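Descriptive structure summary
Spelled out from the first residue to the last, the chains are:
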Amino acid sequence: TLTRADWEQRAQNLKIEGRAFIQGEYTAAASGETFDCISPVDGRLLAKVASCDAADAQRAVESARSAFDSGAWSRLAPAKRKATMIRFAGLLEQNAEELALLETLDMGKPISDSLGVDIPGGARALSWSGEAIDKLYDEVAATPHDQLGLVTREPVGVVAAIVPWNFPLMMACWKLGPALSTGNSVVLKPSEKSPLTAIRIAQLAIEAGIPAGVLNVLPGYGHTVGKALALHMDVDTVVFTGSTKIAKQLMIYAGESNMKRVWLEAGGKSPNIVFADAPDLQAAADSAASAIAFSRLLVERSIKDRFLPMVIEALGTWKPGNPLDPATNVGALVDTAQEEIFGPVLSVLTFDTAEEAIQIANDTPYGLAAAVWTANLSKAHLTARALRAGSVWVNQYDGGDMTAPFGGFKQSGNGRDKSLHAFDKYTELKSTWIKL
Amino acid sequence: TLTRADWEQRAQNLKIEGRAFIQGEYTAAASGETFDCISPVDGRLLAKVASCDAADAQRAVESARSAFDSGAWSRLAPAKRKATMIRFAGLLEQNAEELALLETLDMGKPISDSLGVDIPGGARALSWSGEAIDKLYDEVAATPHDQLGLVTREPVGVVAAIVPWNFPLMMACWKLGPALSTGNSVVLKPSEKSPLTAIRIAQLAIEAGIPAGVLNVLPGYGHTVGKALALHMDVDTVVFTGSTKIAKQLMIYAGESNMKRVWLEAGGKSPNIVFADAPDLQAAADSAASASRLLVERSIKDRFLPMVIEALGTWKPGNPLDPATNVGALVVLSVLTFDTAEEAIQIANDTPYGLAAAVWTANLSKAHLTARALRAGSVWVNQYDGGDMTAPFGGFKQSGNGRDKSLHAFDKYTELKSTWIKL
Amino acid sequence: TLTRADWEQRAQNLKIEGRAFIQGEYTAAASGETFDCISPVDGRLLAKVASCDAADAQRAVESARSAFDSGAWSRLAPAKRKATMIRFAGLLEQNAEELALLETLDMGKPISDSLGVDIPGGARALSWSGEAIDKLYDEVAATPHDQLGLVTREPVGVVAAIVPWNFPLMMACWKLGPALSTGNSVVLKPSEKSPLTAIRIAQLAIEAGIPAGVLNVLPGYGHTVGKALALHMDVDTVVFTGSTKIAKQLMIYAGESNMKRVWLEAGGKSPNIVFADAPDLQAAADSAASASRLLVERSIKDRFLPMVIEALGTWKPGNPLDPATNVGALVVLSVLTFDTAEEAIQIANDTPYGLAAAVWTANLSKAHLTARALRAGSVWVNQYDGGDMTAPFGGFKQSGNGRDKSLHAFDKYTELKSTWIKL
Amino acid sequence: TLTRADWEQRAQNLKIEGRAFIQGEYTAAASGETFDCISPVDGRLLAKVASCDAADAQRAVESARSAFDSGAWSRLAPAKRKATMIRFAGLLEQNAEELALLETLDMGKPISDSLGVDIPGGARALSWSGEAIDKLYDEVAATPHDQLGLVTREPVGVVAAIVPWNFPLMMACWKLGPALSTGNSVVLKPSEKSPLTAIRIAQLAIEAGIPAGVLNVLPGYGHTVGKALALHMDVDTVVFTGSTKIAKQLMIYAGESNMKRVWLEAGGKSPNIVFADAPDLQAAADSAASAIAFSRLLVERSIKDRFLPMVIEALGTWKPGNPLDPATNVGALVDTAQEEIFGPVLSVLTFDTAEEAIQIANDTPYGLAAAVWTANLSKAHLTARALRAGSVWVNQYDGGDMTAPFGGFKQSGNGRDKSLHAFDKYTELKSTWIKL
C-alpha cells in the first residue's frame, strides 16, 4: 500500500494532459485559450486546460452526429458494444492509480476515497451498463392475428452530459455507461473545477474500441461551452447533475433552441429521520455526523438527549488532512420545541410522531435522498413510502448498488441515474405496427 | 340510426353547460368573465363559457393538492381505482350521443366521426388504463441477502393537462386515463376552441366516484389560464399536445417556475413511403389521400398518382350534423420520387419533426429495415394510422417527448423511488 | 338479505342440470350411465350426473382440438377475448345466488361463504385474467442490426383442468381464467363430490360468447374420465389441484402417454409462527384457530394458547343453508415452542410440503428474514390467507409446481417461441 | 494456427482425468468400478472413467444439499456470483485448447468445431448467465396502501443436470450457467459417451471460486447413476436434454419418487420450408445440405427442379475426415406428388401452398426447431407464427444469440434453455404479503 510519500512522488512525476478531445484526437480550443487548473492540495499548477466555447461545441457535435450516422457505434451489435464497454471499464481499473491521483489533485478528494471508491465505482458503472446491453428486451404488443406490433427503444443520437466537480469521474461514468451502451454519441463537459479525469479517459475510450467521434470531451466553463451545448440545435438530449438554478436554466435553453430532452439531477436538502426504536443508534449517529462533514437531521424527542452526544463524538472522527495522505478522510484544501442549533454546527429538528417527521421532511423544494432509522416493520415501510425522495435508505445511509436508480422528486430533478431505468433517458420509444 | 334531422333536433334541444369545475362543483371564473363558444356548424351561440385566469388556476391547484394529500384517490386501493375508471368510461358510453353532439357542434367534426371514433376512443382510453392499474408490477432489485431493494413508482401529485381542439375529448382521455389511474389529481385545460366536452365529463367523473378536487376543469385561453398552470409553483407535471411554438414555451415556463416535468407532443407529419412492391396500391393511395409529403418509387409513380387523385375526390365537405358527412364544411400534397430505399429514408428523415410515417412494401427486409431507419415515434407498415391502446404514441425530435397510450403512458405520471432496506 | 327459510325455498325450487357439456350442448355420457349427486346438507338427491369415461374424454378432446384449430377463440383478437371473459364473469355475478346455492347444496359449504367469497372470487378470477390479456407484452431480443429476434408466447392448445371439491367454482375459475384468456380450449373435470357448478357455468360461457368446443365439461370419477384425460395423447397440458398421491400419478400418466406438461398444486399446511412481538396477538390467535402446526415463542405461550382456545370456540357447525352458519354440519392442532427465529425456521421447514405460512412479528428484520428463509409458495406477514389476484399461489417441494393467479398463472398455459429473422 | 500434427502431439501428451468429482475433490466411484472411455478418432483408450451408481448419487446429493444449506453459494451476493461465474467462463477460455481436444477425442467432433464453436459457446453461456444475475428484477404487486406484496424468485436447491453427447461441454454449460447463477447446487451427469470435459471443468469451477459441493460431477451410465438422480428423494429439479423415450421415463421417475420438477428438451424432426420467393436460394440449399449431414425438407413445387440440384452439390462439401485435422468438417469416426426419396439420402416433400407446408410441417410429435425461407413479409411472419416449434429461423438456419430460449413444443420438450427465461427452470416463485 502506497504511503503519502509515494503519492507525493507520483504526483510530481505525472505528465498531465489538458487538451480537449474531438474526433479521436486531443486538440486545443479553437481560440487557443486555456484556463489554469490549480490543485487545491497545495496550489500547484496542474495543467493549462483548453477553454472550449461555442465553436468547439459545434465541432464536437458535428463529430458526434457524423459518428452516430455512420453506425460505427450506433448500429454495432449489442454483444460487441458490451465487450467494448467492459474493456473500457477494465482500462479505468488498469490506470486506477493515475486516475485516482488526477482526481485527488484536481479537486482535493482524499486519495483513499479516489482510489477506493470513485475510480472503482466509475469502472463499475461502465461495466455494469455494458453487461446489461444484451439483457434488455423491447416489447411485442398484444394485437389481432393479422398485426405485428413492436415497441422498441433506439438511441436518441447526440447526448450532452454536463457534470459537477464533487465526483468528477464517477458522475461522468454514471452518464457515460448507459448513454454509450445504448449507442449514442456523447459530448462530455466536465466541471471547470475538475476537468482532468474526463480529459484522461477520453483516450482510454479509443483504446477500448470506442470509435472516433463517439465520445468527445470539452473542458471549459459552464457559461461558455456548457450553455453552447444546451442551446445547440443538433443535440438531442442533455443530461445534467448540479444546482437547481442551472437545472432550471437548461430547461429555458432547451425551449429557446430545439426542444431537446432535458434530464436533471439537482441536490436539495436530504432528511435523516432517527426514531427512538432505531436498531443501531450508533450507526444512525455515524450517519448524521457523516452528513454534517463531507442534509437535515430529524430526531424523535424520547431519544434526543441520548442521541445528540453520539453525533457530536462521531463528528470528531472527521478531521481535515492532506488529501495525498492515505489516512486522510476529509480533504484539507487550499485557495486556488422543534428546531434548534445545538453546537457551532449541529442543527436539529425534534418531533414526537412519525406524521410530524414526514411532514417536516417533505416540507422542502425536495428531496434527492432520505434515510429512516426504525426497527418497526410498519413504520419503516409506511414512512419510506410517505417520503418524497428519489432514494430512501432504511437503517443504513448511502446504500445502493448499481441496481439503484438515483434521482429526485420535484426540484431535486427528473429521471434517474443508475439501474436499468437509467437507459430510458438515452433512448426513444418507437411503435412499429405491421399489417400482415 | 339517427338522421340529420334527428341530430338537428337534438342539437336544438341541448342545455349546454359552460362553467368551470372545481372541487366537485361547477363554478364561474373568479372574475365572472366568459367567452362566447360559437359553433362552426352554424354560427349559433352554444354557451357563454367561463374564461378562467391565474386566480382560478390557483384555486384549482389548491383543490387538486388537498385532494391528493387526502389520499381519497391517491391512496385508494388499485382495484377500486380500476373499477371507478371503468365506470367513468361507462358513463361516457352511456352519454355518447350527447358527448358526440357537443364535440361536433363545438368544433365541427362530422357527427359520424364524433359518435363512431372519438367518444368510443376516449372511453376506451379510460377503461383500458383502468384495467391496467392492478396489472402493473414494480421491481425488487437483486441485492445481498441482508438487503431489500425496492424500485417503485408513485404519482407525481398535481398534473396539468393542456389539450388542443382537433380531438377534444379523446385527447383529453388519453391524458386523463393514465394520469387519474395512477392516482394523480388533474387540472384539465381544454382548448378555447373546444371546451364543451371537457366541461361536461367533469360531472361524469364525480358520478363515477372520482373524488371532489381530483379532476378540475378550467376553460379559458392558453395565454391566461394555460400560461398560469405552466408557471404554477405547485404543479408537478404538465402534459401537452399542440404546436411546437407553445411546446417550447412550456419548457421555458417550467424553467422560470418550479422545474416541473414537461411532456410534449408537438406538430408532426405523416409521410407515406410507397414502394413499387406495395401489396395493395389502392390502400396506399387512400392513405396518401387522407390528408404533407408523399414519397413514391419512380417505377410506379405514373400509375399511382392517378389513384391518389381519384381517392382525394371521395372526401366531400358537408353539414357536420349529417351522418353522411366525412369532412366538416365549417363557419397541398408534395410528391417526391425515389429510386432506392436509401434515398427514401434520407428524404423522409430530412425534417425537424418526427411524429409518424407509413411504409408500403411486401418485402420482409425492406419493411423492417426501413421502419428501423425512420426517425418517427410511430411507423405503420402496409396500413396507416394503425395501432390501438397497446401502442404508445408520440414523437422524435421536435414532435415532442413521452408517449400517450400503452403501459408507457403511465411513466409520465409517476416518479421512481429506490428504497434500500438494511436487514 | 335472504333468510334460511328463503334459501330452503330456493333450494327446493331449483331445476338442477346434471349432464356433461361437449361442443356447445349438454349431453349424456356415451354409456348413458350416471352417478347420484347427494347433498351433504340433507341427503336429498340433487341430480343424476353424467358419469363420463374414456369415450367422452375422446369426444371432448376432439371437440377441443377442432375448436382450437378453427381459431374462433385461439386467434380471436386479444381485446375481444378480454370482453368475452369479462361478460363471462358478469354472468357468474348475474347468476350468483343460483351458483352459490348449487355450491352449498353440492358439497356443504355455508351459504354465506358460497355467496360472499367463492362466487365473487371465481368471477373475479375470470374478469381479472380477461382484463390482463391485452396488457401483456412479449419480447424483442437485443440483436445485431440485420436481425429481428422475437420471443413470444402461444397457447399450448388443449388443456385438461382437474379440480377438487373444496372450492369447486373458484378453483375452476382459477384455472379457466388464465387458460381461456390465453386462447386455449379447456376440458374441465370437476370432482365427483361437487360437479354441479362446473356443469352450470358451461352454458354461461356460451352465453358470454365462448365458442362451442372451447370449454367442455366432463363430470365423472377421477379413475375413469380423469385418468383418461391425463393419459390422452392429444391433451397438451394438464393442470391439477388435489392430493399429493394423485399429483404424482399424473406425472406417471404423462410419462406413459405423450409427455404432456403437468402443473400440480398438491397438499400443504399453513403453519403459524407467532413471535412475542407480534403487533396483534388476537389476530394471530384467530388465524391459528381457523384450522396443523402452531409455532409459538416460549415467552408468550402461556398467554397465547388460551387466546387460540377461545377463538376455536367461535366456530359453530350448523345448517349450511342458514346465513349465520360458518361451518357446515354435513351428512388436532400441534403446539411447538421455540426460543429463537432460527429454531422456528428449522421447525417450520421440517416438512415434505411447502404451500403457505403465516409469520407474526412487528420487527422489520425478523419479518423479512424469516419470510425469506421459509420454503413456502406463500408467506403472509401479520395477517393470514392474504393476497388477491395479483399474488401467485402455489407450492414448493411436494405441494406442487406452478402458480395460480397473478400474471405468472398465464405461463402454465403458453409455450415460448423464439423467432430469429435474418434481414 | 495448429496443424493436424500439432494436435496429434498434444493428444498423445495429455494426461486425462477420469474420476468423479464430489465435495471439491476427484474421487473414484464407491464401488471402485470404471468404464473404458474409448476415442472414436482412432480407438485409443483415453481413460478409465469412474462408473458411478446410486451410492455416488447419494453422496453427491448430500454434498449438494449441505452446500446449498450453508449459503456459501446460495446466499452469496449476486454481484459476487456474477464475478465468480465470469471467472469460471474465463478459465474455460484459458484452457480452451485442452478442452477442445478432450471433446474431439471423446466423441469425434472436428477439432475446428470444438475449438471454434463449442468451447467458446460454453464459456459464453457461463459468462452471459453471470452477467445477467444482477440485472434481474423480481416484482412488487399493486396492492392497497396497507399491504406490501412481493413476488420473488429463489433457487430450487439441488438440481440434477443430465446431458447428451452431441455437444457435451456446450450443453452442460447451457444448464450450468443459469442453474449456478441463480444459486443452486448442481449434480451434473454427462453422457457415458462423452464424460471427459464435464470431469475436467469440475476443477475449473473450484479454481473460479465455486464452493466445494456446489458443482459435483458423476460420470457413468444413464440406467445406473442417471436413474438414481431422477429417483432421488432430495433432488428438487432434474433438467434433461436427449431422447423422447428417456424424457418420458424421467416424468415417471419423478412421479414415483418426490414429485421433483422435470424440464425436458427432446429432439424431434425439425422442418425446413423453402418457398419459391426465398431471397437467397443458395443459402437455403446450404442449409438443407447441412441438415442431412451433421430434419425434414419441404420445398415449393415451382422451385423444386431448380433447388434440389443445389442441395445435392452443396452436400458434396461435407466430407468425413480425421477429427484432429483442422480442415475436417465432418468427423470420420471409428468403432469403440408430395413425398419422394430422390438420391440415396435425399428425402423431399413438395407443396403448392403455405397452408400445405404448415400442415405437413406440424404433422409431427414435433418440433424443436424450424426454418422458413421467403422474402415476403406477410408469409414469413404468418408461417413462423403457425409453426409449432420452440425455435423458428427465417431466411437463415441455426441462428440464435444467448438471448434465444431454445426448447420445444409438445413431445419435443418443456421449458427453454438459454435467455432470461432459462433462469425460471432453476427458481421457485414465492409470494410474501405483508400487512402494514
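Residues numbered from 1 in each chain as written, not as in the entry; some residues may be left out. Chains lettered and ligands numbered in written order. Heavy atoms only, no water.

- Structure determination for this entry is recorded as X-ray crystallography, at 2.090 Å resolution.

**A few points about the interface of chain B and chain D**
- At the interface, 25 residues of chain B touch 25 residues of chain D.
- Buried surface at the junction of chain B and chain D, summed over both partners, amounts to about 1800 Å²; 70% is from carbon and sulfur atoms.
- Connecting chain B to chain D are 0 salt bridges.
- Put simply, chain B and chain D have 5 residue pairs in polar contact between them.
- Counting only elements with at least two residues in the side of chain B that touches chain D, the list comes to β5 (138-140), β6 (147-155) and α13 (364-373) of chain B.
- By the bridge criterion, 3 bridges tie β5 of chain B to strand β5 (residues 138-140) of chain D in an arrangement that is antiparallel. Within β5 of chain D, the position partnered with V140 of chain B by the bridge is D138 of chain D. (Contact = heavy atoms within 4.5 Å. Buried area = accessible area lost by both parts, 1.4 Å probe. Salt bridge = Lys/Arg side-chain N within 4 Å of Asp/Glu carboxyl O. Polar contact = N/O pair within 3.5 Å; in protein donor to acceptor, adjacent residues only side chain to side chain. Helix = DSSP H or I, 4+ residues; strand = E, 2+ residues; numbered from the N terminus. Pairing = 2+ DSSP bridges.)

**Side note on the pattern of salt bridges**
- Scanning all chains against the criterion turns up 96 salt bridges over all chains.
- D411 of chain B is the partner of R153 of chain B in a salt bridge, and the nearest nitrogen-oxygen pair spans 3.4 Å.
- Classification of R153 of chain B as partly exposed rests on a relative accessible area of 26%.
- Take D411 of chain B: its relative accessible area is 25%, and that puts it in the partly exposed class.
- Among the ionic contacts, a cluster of salt bridges with common partners joins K82, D134 and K135 of chain A together with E131 of chain D. (Buried < 20%, exposed > 50% of the residue type's maximum accessible area, 1.4 Å probe, protein only.)

**Observations regarding the interface of chain B and chain A**
- On the side of chain A, 64 residues touch chain B, which itself brings 69 residues to the contact.
- With both chains or domains summed, chain B and chain A bury close to 5000 Å², and 56% of this area falls on carbon and sulfur atoms.
- Sorting the residues of chain B by area buried against chain A places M251, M259 and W420 of chain B first, and these three jointly supply 16% of that buried surface.
- Summed over the shared surface of chain B and chain A, the number is 3 salt bridges.
- With a shortest N-O distance of 2.9 Å, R416 of chain A and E415 of chain B are connected by a salt bridge.
- Our count for the contact surface shared by chain B and chain A stands at 36 residue pairs in polar contact.
- When residues of the side of chain B that touches chain A are traced back to their parent elements, those giving at least two are β6, α9 (244-256), β11 (261-265), α13, β18 (378-381) and β19 (414-422) of chain B.
- Of the residues belonging to the side of chain B that touches chain A, the class tally is 32 nonpolar, 21 polar and 16 charged.
- Examined bridge by bridge, strand β23 (residues 427-435) of chain A and β18 of chain B share 4 bridges and lie parallel to one another. (Nonpolar A, V, L, I, M, F, W, Y, C, P; charged D, E, K, R; others polar.)

**Examining the domain arrangement of chain B**
Residues and elements named next belong to chain B.
- Partitioning chain B into domains gives domain 1 (1-268 + 316-331 + 387-423) and domain 2 (269-315 + 332-386).
- Between the C-alpha centres of domain 1 and domain 2 there is a distance of 32 Å.
- On the domain 2 side, the residues contacting the 18 residues of domain 1 number 17 residues.
- For the pair domain 1 and domain 2, the summed buried area comes to about 1300 Å², and 56% of that belongs to carbon and sulfur atoms.
- Area buried by domain 1 at its contact with domain 2 is led by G268, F396 and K397, which between them contribute 39% of it.
- Seen at the junction of domain 1 and domain 2, the total is 0 salt bridges.
- Counting the contacts that link domain 1 with domain 2 gives 7 residue pairs in polar contact.
- Partitioning the side of domain 1 that touches domain 2 into residue classes produces 5 nonpolar, 9 polar and 4 charged. (Domains from an automatic or database assignment.)

**Re helix α8 (residues 222-230) of chain D**
- Restricting attention to buried positions, one finds in α8 of chain D the residues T224, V225, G226, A228, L229 and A230 of chain D.
- On the buried face of α8 of chain D, the contacting elements are α2 (54-70), β7 (158-162), β8 (185-189) and α9 (244-256) of chain D.

**So, the packing of helix α9 (residues 244-256) of chain C against α9 of chain D**
- Where α9 of chain C contacts α9 of chain D, the axes come no closer than 7 Å and their chain directions differ by 165 degrees. The angle between α9 of chain C and α9 of chain D falls in the class roughly antiparallel. Between α9 of chain C and α9 of chain D lies a crossing whose hand is left-handed. Between α9 of chain C, through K248, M251, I252, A254, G255 and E256 of chain C, and α9 of chain D, the contact on the second element is made entirely by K248, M251, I252, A254, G255 and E256 of chain D.
- Considered class by class, the residues forming the contact of α9 of chain C with α9 of chain D number 6 nonpolar, 2 polar and 4 charged. (Axes fitted to C-alpha atoms, helices over the stretch in contact; angles between N-to-C directions. Parallel < 35°, antiparallel > 145°, perpendicular 65-115°, else oblique. Left-handed = near helix turned anticlockwise from the far one by under 90°.)

**Notes on the UniProt feature "active site" (unreviewed entry) in chain A**
Residue and element names in this part refer to chain A.
- In the numbering used here, UniProt assigns the feature "active site" (unreviewed entry) to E265.
- Inspection of the secondary structure puts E265 in strand β11 (residues 261-266).
- Under the relative-accessibility criterion, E265 is labelled buried at 4%. (UniProt positions renumbered as here; feature names shortened; annotations may be inferred.)

**Side note on the domain arrangement of chain A**
Residues and elements named next belong to chain A.
- Considered domain by domain, chain A is made up of domain 1 (1-268 + 319-336 + 400-436) and domain 2 (269-318 + 337-399).
- Look at where the C-alpha atoms of domain 1 and domain 2 centre, and you get two points 32 Å apart.
- Taken together, the contact pairs 18 residues of domain 1 with 17 residues of domain 2.
- A combined buried area of about 1400 Å² lies between domain 1 and domain 2, and 61% of that area is made up of carbon and sulfur atoms.
- Counting the contacts that link domain 1 with domain 2 gives 0 salt bridges.
- Summed over the shared surface of domain 1 and domain 2, the number is 7 residue pairs in polar contact.
- Where the side of domain 1 that touches domain 2 is concerned, the elements lending two or more residues are β11 and β20 (406-407).
- Residue composition of the side of domain 1 that touches domain 2, by class: 6 nonpolar, 8 polar and 4 charged.

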